[PDB]
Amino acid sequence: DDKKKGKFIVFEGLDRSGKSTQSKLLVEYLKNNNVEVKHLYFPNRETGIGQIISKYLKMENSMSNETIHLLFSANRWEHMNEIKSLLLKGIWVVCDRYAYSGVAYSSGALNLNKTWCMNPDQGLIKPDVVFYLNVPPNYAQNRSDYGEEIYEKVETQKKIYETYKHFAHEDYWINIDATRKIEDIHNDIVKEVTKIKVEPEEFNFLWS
């Protein structure tokens, strides 16, 4: 028996838009209602690949557009095992950033070619739902530690914001106004996650 028992939820969004904050809250909420959950995020900067992705973002190095893109996708693929497993077991996975981030950022910030960009992530496990913490490009420039990494320039974030729309109208995509109080965002999130039916199912894969 291999059906998919856990639930896989992804947060997406501009930089400094509260992805962590909201993923932590969703996690603790679920912990509270007795649902085993594992928090992951992407990129995972601890693996070999991650380490390279990391220097790239911190501008400790440079690499061509297509290399870093590929590196990002690879990084997700090295977690498909863990994820299938948790999900097989009934552990929900709350993830922050996934392939959506890949296409969005590469195609927006590095003028890559949307189909080209999706291609390598194609076949990755599809999540049950994506929460897009929607915020205006200039909004987050105020937050905590903005500007400390390669893509954290208003002009660039404006470019990215437009590419996120490439999923904006997709059934699993759930826009969320993220310019509000933390607990307002949190509650919308919960209301939507309760709508969910649990029930073992079959896995689905990007980009269906």
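Under this definition, the rigid core comprises the largest set of C-alpha atoms superposing within 1.5 Å between the forms. Each residue number is its position in the shown sequence, starting from 1.
Choosing between 131-139 and 105-113, the greater Cα displacement from the shown form in 6 other deposited structures of this protein, fitted by the core, goes with 131-139. Between stretches 42-50 and 22-30, greater average Cα displacement in 6 other deposited structures of this protein relative to the shown form, fitted by the core, falls on 42-50. Residue 36 is built in all of the other entries compared, counting only those with both neighbours built, so it is not a gap in a third. Among other deposited entries of this protein with both flanking residues present, at least a third omit coordinates for residue 144. Stretches 32-40 and 46-54 differ in mean C-alpha B factor, with the higher average recorded for 32-40. Annotation for 56-64 versus 150-158: the higher mean temperature factor (C-alpha) is found in 150-158.
Remark: residue 108 belongs to the middle third of its chain, ranked by C-alpha B-factor as recorded. Residue 168 sits in the highest third of its chain by CA B factor, as recorded in the PDB entry.
Per-chain ranking of the deposited C-alpha B factor places residue 9 in the lowest third. In the deposited entry, the Cα temperature factor of residue 70 sits in the bottom third of values across the chain's modelled residues. Compared with the other modelled residues of the chain, the Cα B-factor recorded for residue 101 ranks in the lowest third.
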